[PDB]
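S.K.: What follows is a single structure, and I will ask about it in a moment.
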Amino acid sequence: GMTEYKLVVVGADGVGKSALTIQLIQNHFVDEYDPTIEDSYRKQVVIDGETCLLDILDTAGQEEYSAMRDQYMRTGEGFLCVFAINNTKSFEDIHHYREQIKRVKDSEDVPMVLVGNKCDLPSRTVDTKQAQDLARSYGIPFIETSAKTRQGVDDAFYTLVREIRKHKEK
Ligand SMILES: CN(C)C1CN(c2nc3c(F)c(-c4cc(O)cc5ccccc45)c(Cl)cc3c3c2ncn3[C@H]2[C@H]3CN[C@@H]2C3)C1
Ligand SMILES: Nc1nc2c(ncn2[C@@H]2O[C@H](COP(=O)(O)OP(=O)(O)O)[C@@H](O)[C@H]2O)c(=O)[nH]1
Ligand SMILES: [Mg+2]
């Protein structure tokens with residue numbers, strides 16, 4: 001049938017996972033969306049001429065490591081790894097998310113994009129170069145976004161779909 005892509009948005013609390021997801025799905029900026037709610041949403045889009053379905057898992061809740069969690073995360077075909085440019089701790093957390101993704105996928109090569117969100121803010125602690133260097137070390141794209149203004153949002157998601165397509169051709 002129509003190609004579906006299962007995308008999972010990961011990262012620390014407060015980085016803008018929900019705001020990014022809601023911009024893609026519902027085309028507006030939502031402030032203070034319940035931080036605890038993990039949910040998924042589908043949207044039909046055309047990317048490079050392909051009509052496809054994006055199923056997006058917007059992660060939330062406590063740090064916990066069950067068999068059920070591992071099984072659910074393994075359903076993801078590609079991962080947005082999100083930090084906020086004003087939050088160094090959120091950047092430092094990326095390594096952990098990448099390692100957990102590789103663990104559950106049982107692969108060194110999982111489609112992923114590094115996303116630096118909140119690029120509309122003046123209060124930046126993570127420079128563009130630090131993030132580009134990390135992404136280069138992982139062999140993945142880096143995209144700066146603002147869920148507030150919608151800068152980079154489509155690019156982030158569509159780049160992840162392109163990473164999935166490249167993986168399928170290997
Ligand atoms: C050592 N802690 C202080 C760090 C904070 N962090 C978190 N790791 C999480 C994690 F690895 C998984 C995790 C477990 C697992 O079974 C398999 C996974 C596969 C891929 C990615 C994460 C997985 C899940 Cl489900 C949640 C994690 C998490 C952490 N801090 C907050 N959380 C929650 C909020 C913000 N991110 C999520 C929503 C490590
Ligand atoms: N200025 C700004 N605020 C943002 C942006 N994305 C999210 N926020 C705000 O940051 C907070 C956390 O966002 P949220 O989407 O709940 O993050 P999540 O915990 O990762 O789901 C909220 O107050 C949002 O309004 C962004 O790109 N720019
Ligand atoms: Mg959220």
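Counting begins at 1 with the first residue displayed.
Just so it is clear, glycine is given a Cβ too, placed from its N, Cα and C backbone atoms.
The N-acetylmethionine feature in Swiss-Prot is assigned to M2; the stated evidence is experimental evidence. Per Swiss-Prot, the feature N-acetylthreonine maps to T3; the stated evidence is experimental evidence. Residues or ranges marked as motif 'Effector region' by Swiss-Prot: 33-41. What Swiss-Prot records for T36 is (Microbial infection) O-linked (Glc) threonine, and it gives experimental evidence as the kind of evidence. Among the features that Swiss-Prot reports, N6-acetyllysine is placed at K105, with the record citing experimental evidence.
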S.K.: In sequence order, what residues of the same chain, 6+ apart, have a Cβ less than 8 Å from the Cβ of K105 (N6-acetyllysine)?
M.R.: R74, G76
S.K.: Would you mind reading off the Cα separation of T3 (N-acetylthreonine) from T36 ((Microbial infection) O-linked (Glc) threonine), to the nearest angstrom?
M.R.: 30
S.K.: Pick the one among the recorded positions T3, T36 whose Cβ has the fewest other Cβ atoms within 10 Å in this structure.
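M.R.: If we count Cβ atoms within 10 Å for the recorded positions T3, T36, the smallest count is at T36.
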S.K.: Are there residues of the same chain, six or more positions away from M2 (N-acetylmethionine), whose CB falls under 8 angstroms from its CB, and which are they?
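M.R.: The answer is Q44, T51, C52, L53.
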S.K.: For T36 ((Microbial infection) O-linked (Glc) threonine), just give me the three-state DSSP call.
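M.R.: Where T36 ((Microbial infection) O-linked (Glc) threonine) sits, the three-state DSSP reduction gives coil.
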